[PDB]
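First, one chain by itself in structure tokens, the form deposited in one PDB entry.
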């Protein structure tokens, strides 16, 4: 069928931030929300379609690999289905149920997640959706978390991708020294929820960051295929890496004197209510043990998804 974008009118359009404030915290699992009330011209047919375009600071998926959006209904009847085509382009295609309908209107609510690749820093973003030349627009202040640190090191992470069809997810962790200090460390990954005790061993890849620390994305984002920014050292570190069938890994680094990224791709147990992935770093700043012993510091950062509640 044909492009009937010019036949769709936005009657009411708005974009809102978390709880209808002007702020969004993506690392607390918050998001923006686009709401539309659309009027349609008469005489549309099945297979006819309309497109709108989102600013590339947001998308409709967050960590999900899936690319569906909500259906446009008239009560119970599916009027249109929607798909993400590309940048960042949402197309709704009309069903058979638009045929011979008159004065059709419809509401549409779509969650809009802040993209960590295009929104790398804290601060205001202007979020827009454009439908048939009508621009709907909202400024939101995006605020990210800084990980967890001490005088010696910082640990931060985020789930990168989530793939329901394969029971897989990927995760990015950044580990760095602070204050010019070098400590010897053990870094672990553990599925605190959602471990498949009898699964495959995870793929874990480690990269040396080559840039200035000031340019590390606040969003927690590593484009590890930029070879001026990242150097893969997985080979070099392979004798210090252990992988387990319950999804855990462990990694020893004798001198933490550089910023590293650890990329994890693993599976989770089918049916789990939740997936909760812990990255933990244990450091030993001193090993003289004169007058005292203790085990050093521990930094712990968890990233979790809810798959069922409840």
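Numbering follows the first chain given and starts at 1. Take the two forms, find the largest set of C-alpha atoms that superpose within 1.5 Å, and that set is the rigid core. Only residues modelled in both forms are compared.
The form solved in complex with a partner chain exists for this protein as well; it is not shown, and the discussion that follows is about that form.
Checking 177, 199, 88, 149 for any heavy atom within 4.5 Å of its partner chain in the bound PDB entry turns up a single hit: 149. Just one of 263, 61, 258, 35 comes within 4.5 Å of its partner chain in the bound PDB entry, counting any heavy atom, and that one is 61. Heavy atoms of residue 298 reach within 4.5 Å of its partner chain in the bound PDB entry, making it an interface residue.
Proximity of residue 43 to its partner chain in the bound PDB entry: non-hydrogen atoms within 4.5 Å are absent; the residue sits far from the partner. With a 4.5 Å cutoff on heavy atoms, residue 29 counts as touching its partner chain in the bound PDB entry.
When contacts are judged by a 4.5 Å heavy atom cut-off, residue 221 does not count as touching its partner chain in the bound PDB entry. Segments offered: 101-109, 188-196, 203-211, 151-159. Contacting its partner chain in the bound PDB entry at heavy atom distances within 4.5 Å is 151-159.
In the core-aligned comparison between this form and the one not shown, the C-alpha of 181 is the only one from 181, 203, 231, 117 that shifts by 2 Å or more. Once the two forms are aligned on their core, the segments of at least three consecutive shared residues with Cα displacements of 2 Å or more between this form and the one not shown fall at 180-184, 305-310.
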